[PDB]
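Single-structure report; data block below.
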Amino acid sequence: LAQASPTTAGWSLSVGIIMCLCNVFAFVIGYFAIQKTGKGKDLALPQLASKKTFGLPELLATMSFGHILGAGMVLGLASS
Amino acid sequence: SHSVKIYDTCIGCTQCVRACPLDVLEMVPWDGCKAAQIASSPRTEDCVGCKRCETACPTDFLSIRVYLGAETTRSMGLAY
Amino acid sequence: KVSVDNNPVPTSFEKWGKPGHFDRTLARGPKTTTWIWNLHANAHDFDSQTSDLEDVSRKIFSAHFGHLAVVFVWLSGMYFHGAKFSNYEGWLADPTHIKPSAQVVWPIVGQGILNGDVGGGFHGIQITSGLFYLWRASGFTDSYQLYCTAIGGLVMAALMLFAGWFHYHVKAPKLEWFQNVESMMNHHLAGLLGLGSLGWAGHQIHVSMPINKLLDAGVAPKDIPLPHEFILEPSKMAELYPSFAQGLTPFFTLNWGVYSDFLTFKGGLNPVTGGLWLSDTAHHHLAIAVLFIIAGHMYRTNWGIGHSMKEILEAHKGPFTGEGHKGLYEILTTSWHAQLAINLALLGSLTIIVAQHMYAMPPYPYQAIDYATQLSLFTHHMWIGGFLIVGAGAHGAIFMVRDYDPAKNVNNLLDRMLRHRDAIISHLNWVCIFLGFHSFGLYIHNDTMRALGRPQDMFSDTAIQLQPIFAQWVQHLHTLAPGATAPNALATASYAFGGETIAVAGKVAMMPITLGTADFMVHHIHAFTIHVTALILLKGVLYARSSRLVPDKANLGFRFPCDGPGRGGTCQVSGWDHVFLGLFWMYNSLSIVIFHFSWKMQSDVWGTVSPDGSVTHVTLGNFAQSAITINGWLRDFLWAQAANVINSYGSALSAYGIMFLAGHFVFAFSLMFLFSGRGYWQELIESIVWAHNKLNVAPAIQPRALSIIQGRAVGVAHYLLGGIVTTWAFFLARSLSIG
Amino acid sequence: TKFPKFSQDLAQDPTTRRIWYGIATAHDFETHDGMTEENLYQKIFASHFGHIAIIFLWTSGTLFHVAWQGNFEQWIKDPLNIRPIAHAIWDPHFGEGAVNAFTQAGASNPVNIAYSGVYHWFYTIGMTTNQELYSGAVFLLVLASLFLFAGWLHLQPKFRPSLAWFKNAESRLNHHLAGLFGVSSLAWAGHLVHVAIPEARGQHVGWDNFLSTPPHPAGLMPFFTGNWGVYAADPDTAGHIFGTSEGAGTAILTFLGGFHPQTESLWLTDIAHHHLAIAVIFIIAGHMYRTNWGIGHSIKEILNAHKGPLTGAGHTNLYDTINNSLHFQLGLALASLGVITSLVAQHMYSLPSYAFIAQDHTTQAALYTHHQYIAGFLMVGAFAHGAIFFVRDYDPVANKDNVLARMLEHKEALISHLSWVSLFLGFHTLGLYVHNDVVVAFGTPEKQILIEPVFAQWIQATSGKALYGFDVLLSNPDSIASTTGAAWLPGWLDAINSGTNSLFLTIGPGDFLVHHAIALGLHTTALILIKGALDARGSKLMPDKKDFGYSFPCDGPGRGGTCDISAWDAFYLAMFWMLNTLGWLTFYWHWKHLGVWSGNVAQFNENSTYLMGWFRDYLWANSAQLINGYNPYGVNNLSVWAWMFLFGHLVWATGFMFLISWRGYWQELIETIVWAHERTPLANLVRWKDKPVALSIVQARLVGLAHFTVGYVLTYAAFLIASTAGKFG
Amino acid sequence: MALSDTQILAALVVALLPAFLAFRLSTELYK
Amino acid sequence: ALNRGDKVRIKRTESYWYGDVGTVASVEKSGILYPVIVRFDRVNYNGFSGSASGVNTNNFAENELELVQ
Amino acid sequence: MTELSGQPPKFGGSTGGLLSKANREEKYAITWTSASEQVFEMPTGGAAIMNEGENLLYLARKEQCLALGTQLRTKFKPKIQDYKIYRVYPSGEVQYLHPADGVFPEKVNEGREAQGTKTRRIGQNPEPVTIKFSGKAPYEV
Ligand SMILES: CC1=C(/C=C/C(C)=C\C=C\C(C)=C\C=C\C=C(C)\C=C\C=C(C)\C=C\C2=C(C)CCCC2(C)C)C(C)(C)CCC1
Ligand code: SF4
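Protein chains in written order, with the working numbering: chain A, 1 to 80; chain B, 1001 to 1080; chain C, 2001 to 2739; chain D, 3001 to 3729; chain E, 4001 to 4031; chain F, 5001 to 5069; chain G, 6001 to 6141.
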């Protein structure tokens, strides 16, 4: 057998140190990846400090990238 | 040289000189047609035998005829 | 961002009268018989009829809708043929014993002799396309479901026809919806290539898994009911595979380890049925689904994120290249022909990939039982690929003739191509000479040495060896790979690379293919023929615009025969005739590849296996000694395997021989068109006209000769069809009687 | 000057087409510049003597080979079960397996089995030793040298003949009918009387005894006074054995007919009497015309007085055309040679005149198809030269309202009706064959169409056969022609009704069908050559055909397209039809005699009606011993035939090269190759002196056709010889 | 029966002269 | 000599239109070489390879035509 | 005739152009005056950039030069009718070709003779046996 054994979401470490910081890194990338952000259909009117400042499609793009990158993190990290 | 002969049944459509891409035909005055112009070939030693001349004229068995005789690399169409 | 127009060209019936209204000189009438061929010639060349891209592109869109309609009619007809007038249930009750059949023949003129005893209590003609294995893999067990598929396909073909009529006659979009190629790319990677992958992943997980998991055990097809009572009742999934009972919770929590019970990485083949594991294909389709859905987020369409093609094409420029790829976006979003060449070339190579992956790794169950379906499927996909790739060459050439603009491509890549076209043709001629002398020369030397009976200086295993060490090394690497560098694959990728013999009920499925010196020389023959075809099509593309034989040939067009007997003679200077000879080279190369395929797998991997462990090939292993030469190729493959073709008469296979003789007749009739010119028979036709004028039964439409390019077209068509049909007759006649 | 020197038009260009055309037109003396009748006829006469020299030297060479390296006398010791030898083999590339597989027939060096059939010829004339064959070789060698010396002698300025000497037709006809055909046949008849008959009966005639020994016990005076029956007194009976005297009389001239009961040959007494009679009839026929005596005839008077009421002008002023156009008489001569060689081929298998030639089937088959291919070649050339005559030498004002003017007037109806005959015959031949094909494809041969060739059995029965039972006018004694009392009736009636010879074979429906196929090939090829000739001086596409000459590429893409319009192109499309009709003939003949010689005539009587047996029983099954000339185990004596078979196949495809692809693409390719030679380093130090170019259109068409022909004939010859030797070794 | 070497040389030396006089013929017929 | 609308038959024998009839179109001034322009209903061979239509009108003289009406 | 004043066009050079016959036997040249700077295509392959004023370009055959000339007539919206054709020899001499009179042969100008103009119909050609064994041919006479 010897397959790459995964674990369930422990909801104490597997979601916090793994993919939340990955979403943080996705926001960091979204600060320095998209050359042109704010012209979507909805402009994400409730601005904030550094989280919901640019726009809706940038937000969904960087959150989907955070999801796929954290999924890669938790699959390729656990049991090699 | 590819000898070219033109006979006395020319109308004067001037397609005959218009079609040849080697600038060998020329259009000369005359008195036996409505256009008062018969075609002529004063530079016969630089036509290659492409025979587009024989396709140009719409008269029945057209006044111009080309004949393939003694060939020269000048009139054979080479770049060397 | 959509933009449409209402009622651009209304429907009528009057335009069907007086045919040929699309052109300006073909509308005067049938003043000569060449007008009929001119009508049939330009009936689909919509680009030269009109000027702007608008109306012609609307015509293209409606033409695609018509093509989808007609292929849907064909598929519905095939499904109904397999449904009502076949032996699907009787074949499905058993495996290797009964040959399947999907066509009946009316006994009218003695045709009942053709309707032979296929087996299993039926008289008809044997199927070879392999649709039965597809329907068993999908999960078809009842005729009413197939009838439902047929009637649904027919009615949605009618739907497609109505959609095409609407999209051309009522609402036609502008240009602006078409050049938005980013939305095209995103939706095609996303919608077409992704949703189908997810849908078949669901079909394989829900339907194929339990149907095949109970069908391999020995359960009769009429015992279990339909998949819908499966999908209603999850307890059957739970009792079959205990991973279903955990729900979709492990998917969302990313604990995918429990899903490995039905999503596997087994690899190899299935020893029960000879096909691939259905769990492997389900895992495949889900993975490629994820890959394409990710891939469909490349490009900028309306929300800032993504990429634009103009910027990325400007972004690449080299020290040796110059200004770079500027100008590709305009010429490739303006001219349809360039994109057609691209898609046709990649579709042809993709079809070659499809056949080359079918033969070695049989994906469908019970395919490796009968060799006829395997061999016929492989060669048919290869022929389709050859046709498409030569057409890609043709349309690249006609793009360089017609739609190329020299102004907007200053110092461009195409400028460099037309700049060193002489160098490219030169060095490709040199490699052509190299592979010509050093591959066929080996066969001439080998035949000469065998003609003297001195095998001590021959090219064989028992002589001077030309051993393909690279292919053997890669085969050994693939044998060693699944134990070391592929930790999550218990079996191999395939046994075609190398491994142990995999058998099936009664017969053999696939053994490792040893590669001797004969295969080395054959592969060199292949590379030589592919190089020749690439040479002729590449010159036909590059020399299509200008040359220093005739510089103004682009002003004439693409389809012109010659430029007179001057310059020594200019017959077949245009790119059309380059394609006209490229078809012949395609025919030769693919004839060689399918002959090698048939003989190699009739000699090495097929046959009858004994239970003690020994196999027995039909040709008793002669490829290592008789394929090295060429006279042995003439006798041990052609004469030896033609006997089954020419001794099947009065039996159930007389039709294959009749098609064989008719194919030789069609080949011989092609020489009509190839050899002679035009004026000879136009003169002969004129003498016939005088004869008919003597009877005063002269036709109103004046009879004329076919044109020169028309004669070349009809000639290459007849030669190619004759070759294809006689090869098809020989292949099915030999590989159906093998048993 | 530069080669070629005979035309300044071909010495004005640096292209390699100058070299190709200088090879091409070296025999077209009319196209040469500064050219008159005198110079032309002198080169004619020189080239004729050179050719006769080539003929005699070739005969001397083959005779010397069969004398020296052959196995003639060991074949004299037993003449039936020993294969002859052509010559030994000197090739250093032979491995020892091929040496063991080629050294046979009692030889010590590797040899080849002779299939030319000259062994039976030299046996039936009586060349009983190798020294005599050496004497014959040196005799023809010095005779060839005599023709060389005379050919040089006549080209001196003092001995150059006049124009009128070549013009004198009547003396030529009288001489060639009398002093060429008559006295030579008299000499050959005397050779059979005094050499072939005694060497056949066994008694020796040497080079010192012939003047002493008489050829008959009685003298010349019974021939003189009243009784020629002394020479027809004691013929060789049916119990005769060759080379000895039991059952052998001493008659030299008789006409008992039939065959030889021992070896299936024609009696040498028949040949001698025949040659003598033909000598008499040609010597009588050689005295038609006035030459220098005032007695006889004139060509002009007989050819002008044959007028007509609705013919037109009859044959007026033709003498001025035939005597002043060499192409016309060349076409007539080649047509006569073609038909006479066809008759040679088709009479040599049925009525052979050599001992033991009816047993060695390989030589018989090879000689038949040899002379048949020669017939096809020579007489399609006759048609081509007639077309050239219409191109170059027709005279409208000299032949006004002539018969040839009528030919050019009704050429349209002539071509139309050749076409009608060709289409009718081809439609129904193909339809009959494919209906038979489809019917036997379904396993019910009772519905086949087997048309009995009733007229063939009718002429068979009226020629002597009684098997079919029609018994009309010859086999029945009730007719008035049976009780004629002639001296050929018992031998002929024995020959027809004996089922062991190839004469007047049994005829079935397959012969009817294949004869219709042959007549189809005839009519198609005739249509091709006739429209090529009769339309060489006018067409509504191009009536200026006489201005351009005979062989020109095209007349351009104008007027709808003019490719393949010359009469040369008519010959081009003609040659394939000639080869096909010859092929159909030879396949049918070879399969029928394979069925007869094997004894299984039923397979030809049944399988020939449908294509299956043509493609399977003959074309597939007889090729099995062909291809096994070299198995992976070992080789045998059939290696060279199989390898030449594949060689001819490669030649066929390598000519299908030029027969498909035309010039312009090839010109672009070779021009790019010239660019490759230009800019490359360390290769500009040498430059070509003759410009390279692609071949012309007409030359490419010619080389493709020539390749097609040589590959075709090589493959067929190899298959025929190898299969016939394998089946009946 | 048996052949002799002198016969082969005699044939060769009588066959030399047609070659020489044919060379002379080809020389004279070039004009 | 011939007037407009005459149905006239031609005898050049060096043309494609031999043994044909048709209607004369126009006659120009005297002293010209070929005055008689005739209109036919058939078509000659004129055109490039695979052309749709050729020509149907040519001019000749009086001394080779034959009026019929 | 003195010298060919101008400038080579702005081009990257092409390897499919001149060969050894250019410096060996003869080669061609063409000059024209451009109203404005634009882009054309050079008949031996590729696209070149012309400049305003006089431009000098070299070729090896008459077909290439006349294809280029017809391109400068019937491609650009300001029509160019100022192209002249020149041939040069390796001995250093130059010769003018076309238009020799100064106007195109499509039209008619005076000061010119007519040659190769036989006053006979198709069928009035002499029939070949009256030319048989003479140095001429039916088309020549
Ligand atoms: C191209 C041409 C030509 C032509 C040629 C030729 C080729 C010819 C021919 C022909 C031929 C190819 C012929 C043949 C023939 C033969 C015949 C026609 C026959 C017959 C018949 C009869 C009458 C018979 C009789 C008999 C009988 C009954 C039987 C037995 C025998 C006898 C004899 C007895 C010429 C040059 C002139 C001119 C120009 C054109
Ligand atoms: S010959 Fe014909 S094409 Fe030429 S100018 Fe005269 S009428 Fe016009």
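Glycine included, each C-beta is placed from N, C-alpha and C at the ideal position.
Interface flag, residue i vs chain E, CB-CB below 8 Å
i         : result
D:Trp3090 : no
When the options are compared against residue i, the one with the closest alpha-carbon
i         : options                                    : result
D:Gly3558 : C:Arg2559, C:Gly2564, C:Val2109            : C:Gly2564
D:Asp3569 : D:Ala3387, D:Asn3304, D:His3048, D:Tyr3115 : D:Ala3387
C:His2316 : C:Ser2235, C:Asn2412, C:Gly2569            : C:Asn2412
C:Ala2287 : C:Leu2198, C:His2395, C:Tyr2587, C:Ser2676 : C:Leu2198
Within-8 Å CB hit, residue i to chain F
i         : result
D:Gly3308 : no
G:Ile6122 : yes
C:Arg2712 : no
Supposed close pair residue i, residue j - CB separation, criterion 8 Å
i         : j         : result
D:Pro3084 : D:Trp3090 : The Cβ separation is near 19 Å, so there is no contact.
D:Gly3561 : C:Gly2575 : In fact, because the Cβ distance is near 19 Å, the residues do not count as touching under 8 Å.
C:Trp2606 : C:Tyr2364 : Not a contact, Cβ separation roughly 18 Å.
B:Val1048 : C:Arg2548 : About 13 Å; that fails the 8 Å criterion.
C:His2531 : C:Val2390 : About 15 Å; that fails the 8 Å criterion.
Cross-strand partners of residue i (DSSP beta bridge)
i         : result
G:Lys6084 : G:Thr6031
B:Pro1029 : B:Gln1037
Any C-beta of chain G under 8 Å from that of residue i
i         : result
C:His2420 : yes
B:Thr1009 : yes
Minimum Cβ-Cβ distance from residue i to chain C less than 8 Å
i         : result
A:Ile29   : no
G:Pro6043 : yes
B:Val1004 : no
N-terminal and C-terminal residue of the alpha helix (DSSP H) that residue i is part of
i         : result
C:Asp2415 : 2413-2419
D:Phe3615 : No alpha helix (DSSP H) contains D:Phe3615, which DSSP labels as neither H nor E.
C:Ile2525 : 2517-2542
Chain B within 8 Å of residue i, Cβ atoms only
i                       : result
D:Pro3453               : no
C:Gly2679               : no
residue 6142 of chain G : Residue 6142 of chain G lies beyond the stretch modelled for chain G, which goes from 6001 to 6141, so this question has no answer here.
D:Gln3012               : yes
Start-to-end residues for the beta strand (DSSP E) that takes in residue i
i         : result
C:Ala2172 : 2171-2173
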